[PDB]
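First up is the structure itself, then whatever we jot down about it.
No hydrogens, no waters, no symmetry mates; every other heavy atom, side chains included, goes into these values. Chain naming here is simple, since letters A, B, ... match the order of the sequence lines and numbering starts at 1 in each.
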There are 2 protein chains.
Amino acid sequence: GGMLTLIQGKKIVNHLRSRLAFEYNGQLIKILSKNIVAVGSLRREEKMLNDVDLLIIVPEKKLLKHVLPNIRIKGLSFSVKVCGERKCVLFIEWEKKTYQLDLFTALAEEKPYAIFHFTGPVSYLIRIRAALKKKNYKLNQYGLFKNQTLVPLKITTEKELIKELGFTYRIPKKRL
Amino acid sequence: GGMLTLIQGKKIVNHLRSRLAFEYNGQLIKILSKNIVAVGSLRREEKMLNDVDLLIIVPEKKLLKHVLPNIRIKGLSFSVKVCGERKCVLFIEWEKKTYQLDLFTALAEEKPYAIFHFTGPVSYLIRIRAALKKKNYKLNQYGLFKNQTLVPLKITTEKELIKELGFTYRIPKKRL
DNA sequence: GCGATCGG
DNA sequence: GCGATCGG
């Protein structure tokens with residue numbers, strides 16, 4: 001995959017927002033724009049991107065075996081590098097060039113945790129996870145755990161999650 | 001990668017044996033046939049293969065950062081799917097079809113352990129490892145360990161390793 | 001730091 | 001059963 005500017009990346013995401021779908025036992029099911037979240041380097045507003053990173057929110061557990069493994073993009077040429085239920089990496093043709101499209105899935109109840117994980121950057125996640133690990137917590141893209149048991153937090157958004165975890169809220173661009 | 005017959009796989013390995021090399025700070029270093037071992041489904045003599053599996057024996061630790069990351073195959077078209085110091089997955093062109101070639105590296109002192117691991121099958125490895133784990137040992141492709149410490153066994157071959165571990169020696173085809 | 005999807 | 005490369 002070629003490198004992209006932030007603007008090229010945003011243009012691609014805009015194009016993709018109305019064109020993603022998946023095949024479910026023969027039936028083409030459209031993925032809704034509101035369930036597509038730009039994450040990664042794109043959400044961090046970095047100047048150059050190495051890929052385009054999208055998080056797809058899926059409404060039901062049963063659908064995970066179907067969404068990424070049967071992903072469809074209307075009108076766009078692509079090939080699959082690797083693909084499972086949770087991560088799918090595609091190479092897409094856009095104008096004269098091939099770019100890497102990284103797709104991830106989260107269930108609705110995982111959404112704040114997923115956004116936080118897939119936003120990164122990695123250095124920042126390592127620091128946050130290390131501090132929580134010292135207090136016997138484990139944080140990942142699915143939830144907050146203690147002694148291998150889900151800690152049910154009363155949150156809906158990434159911001160609420162960050163504050164409930166006891167860290168300073170910073171906009172994605174400023175996380176390091 | 002397409003599926004291959006055992007015969008096709010063996011023909012490919014024969015071709016590759018004299019044609020593998022790596023670039024080391026600008027110089028092309030041939031890999032010797034005696035340091036190339038057919039492993040996996042090929043060594044188990046399975047009728048159909050999903051890929052061709054080769055283990056490359058590397059004489060010095062310092063060379064690991066160079067071998068797979070700078071692999072060269074004379075006269076054969078290939079592309080890299082993933083590649084590190086210990087695992088490299090290639091797609092090769094062979095008689096107008098594309099196949100998957102899986103390359104792994106072992107240091108000389110790891111060789112019997114690596115052969116045993118990369119031969120499998122997986123079901124057999126799980127059983128063997130579980131039994132050793134009950135006695136506080138850990139077996140992997142690098143050695144036999146107890147309390148995170150290498151158990152120095154006085155062996156050279158896979159057969160000697162198997163017997164020293166206290167299991168019945170069976171030819172690769174009959175391991176289950 | 002932690003998980004996905006391999007790798008045998 | 002145990003480890004590698006790559007995902008943020």
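Side-chain nitrogen and oxygen atoms of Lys87(B) include at least one within less than 4.0 Å of the OP1 or OP2 phosphate oxygen of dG7(C). An OP1 or OP2 oxygen of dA4(D) is reached within less than 4.0 angstrom by a side-chain nitrogen or oxygen of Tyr142(B). A sub-4.0 Å separation between OP1 or OP2 of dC6(C) and a side-chain N or O of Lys81(B) is absent. Taking only side-chain nitrogens and oxygens, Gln100(B) comes nearer than 4.0 Å to OP1 or OP2 of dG7(C).
Residue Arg127(B) is out of contact with every strand shown, counting any heavy-atom pair closer than 4.0 Å. In this structure, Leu139(B) reaches the sugar-phosphate backbone alone: every heavy-atom distance under 4.0 Å involves primed, P, OP1 or OP2 atoms, never a base. Residue contacts for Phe116(A): at a heavy-atom cut-off of 4.0 Å it reaches no nucleic acid atom on any strand shown. Heavy atoms of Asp51(B) sit under 4.0 angstrom from primed sugar atoms or phosphate atoms, though from no base atom.
Between the NE2 atom of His117(A) and the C1' atom of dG1(C) there is a distance of 10 Å, rounded to whole Å. For the pair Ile71(B) CD1 and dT5(D) P, the interatomic distance rounds to 14 Å; values are reported in whole Å. Note: CG (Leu103(A)) to P (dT5(C)) measures 12 Å, nearest angstrom. Between the CZ atom of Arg43(B) and the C1' atom of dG7(C) there is a distance of 17 Å, rounded to whole Å. Atom CD1 in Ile126(B) sits about 17 Å away from atom P in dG7(C), given to the nearest Å. Atom CG in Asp53(B) sits roughly 13 Å away from atom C1' in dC6(C) (whole-Å rounding). As a whole-Å value, the separation of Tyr113(B) OH from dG1(D) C1' is 17 Å. If you measure from atom CZ of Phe167(A) to atom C1' of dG1(C), you get 12 Å, rounded to the nearest angstrom.
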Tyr169(A) and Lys159(A): CA distance, side-chain angles, deciding distance, side-chain hydrogen bond (donor to acceptor under 3.5 Å, both in side chains) verdict: CA-CA 7 Å; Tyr169(A) 181 77; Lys159(A) 181 154 67 178; 5.8 Å; no

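Using a 4.5 Å heavy-atom cutoff, the side chains of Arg44(A) and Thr119(A) are in contact.
Linking ILVMFWY side-chain heavy atoms closer than 4.5 Å, directly or via other members, places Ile29(B) and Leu107(B) in a single hydrophobic cluster. Put simply, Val39(A) and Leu139(A) are part of two different groups of oily side chains (I, L, V, M, F, W, Y) that touch within less than 4.5 Å, one to the next.
The cationic atom of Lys87(A) (NZ for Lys, CZ for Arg) does not lie both less than 6.0 Å from the six-membered ring centre of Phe104(A) and within 45° of the ring axis.
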